[PDB]
Structure formats: structure tokens, C-alpha cells
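Asks: Chains as they are written, first to last, in my numbering: chain A, 81 to 130; chain B, 26 to 75.
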Amino acid sequence: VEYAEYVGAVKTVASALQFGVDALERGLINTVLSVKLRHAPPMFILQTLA
Amino acid sequence: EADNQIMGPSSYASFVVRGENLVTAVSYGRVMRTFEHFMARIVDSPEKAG
Numbered sequence: 081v082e083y084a085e086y087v088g089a090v091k092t093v094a095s096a097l098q099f100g101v102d103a104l105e106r107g108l109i110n111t112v113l114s115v116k117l118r119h120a121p122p123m124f125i126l127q128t129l130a
Numbered sequence: 026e027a028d029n030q031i032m033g034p035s036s037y038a039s040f041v042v043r044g045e046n047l048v049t050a051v052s053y054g055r056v057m058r059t060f061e062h063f064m065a066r067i068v069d070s071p072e073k074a075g
């Protein structure tokens, strides 16, 4: 009954570390999308400028 | 005294939460003592009253 709790305790720390490295491949895509969204002038300017 | 010594046990009659009671400890929080004897009484031939 303590090995059955140590299993849950390694599941908690593993699913916290995997949460923290999932939230960084979710934040890298967010940073890439939000830096694509800052070098993106709209269509009504580039249809005449280009 | 008629006798100087008595014949008693040498170790504690241990009891651990084994594989059948671990499921109900983690799942329900209700362990029983000798789950195997409950299974021997009501699963394996419940028609034989003790």
C-alpha cells in the first residue's frame, strides 16, 4: 500500500514534468504564431503595395 | 507452580494489504481481513454453509 502510493507519486511528478514540457511546445508554437502575426501587414495594403 | 513455562507463539501473525485488498483500498478505502476466505465462502461453492 506504500508501493501503490509511490506509483501515484511518480505518476504525479512525471505528469507534471510532461505538463511542463508540453506547455513549452505549446508555447513555442504560440510564439511563432504571434511573431508571424506581427510581421503581417493586412490584405488591403499588400494588394496595392505588391 | 505445576509448570514454569508456557508454549506460545514466536512472531506476530502478520497481515499485509495484498493484491485483492489493494484494489479496494485504492478504489473504495475498505479493506477486509482475509479476502481469500470471503472468496472461498461466497464465490467458490456458496451452497456449502460453514
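We put the beta carbon where it would ideally sit given N, CA and C, even for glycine.
Along the region 29-60 of chain B, where does the CB come closer than 7 Å to a CB of chain C? Name the residues.
Replies: Absent from the structure is chain C; the protein chains it does hold are A and B.
Asks: Take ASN46 (chain B) as the anchor and find which of B:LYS73, B:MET64, B:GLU72 and B:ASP69 has the nearest alpha-carbon.
Replies: Checking every option, the nearest Cα to that of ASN46 (chain B) belongs to B:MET64.
Asks: List, in order along the chain, the chain B residues whose C-beta lies closer than 7 Å to that of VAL81 (chain A)?
Replies: Near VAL81 (chain A) (Cβ distances below 7 Å), the residues of chain B are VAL42, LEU47 and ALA50.
Asks: Can you grab the Cα-Cα spacing for the pair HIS62 (chain B) / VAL42 (chain B), in whole Å?
Replies: Looking at the two C-alpha atoms, the distance is approximately 14 Å.
Asks: Let me know the secondary structure DSSP gives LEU117 (chain A) once reduced to three states.
Replies: In this structure, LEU117 (chain A) counts as coil in the three-state DSSP scheme.
Asks: Going by the CB atoms, is the gap between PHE40 (chain B) and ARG66 (chain B) shorter than 8 Å?
Replies: No, they are not a contact pair.
Asks: In chain B, what lies closer than 7 Å to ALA84 (chain A) by C-beta?
Replies: The answer, in chain order, is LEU47 and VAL51.
Asks: Could you give the distance in angstroms between the alpha-carbon of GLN30 (chain B) and the alpha-carbon of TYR53 (chain B)?
Replies: The straight-line gap from Cα to Cα measures roughly 46 Å.
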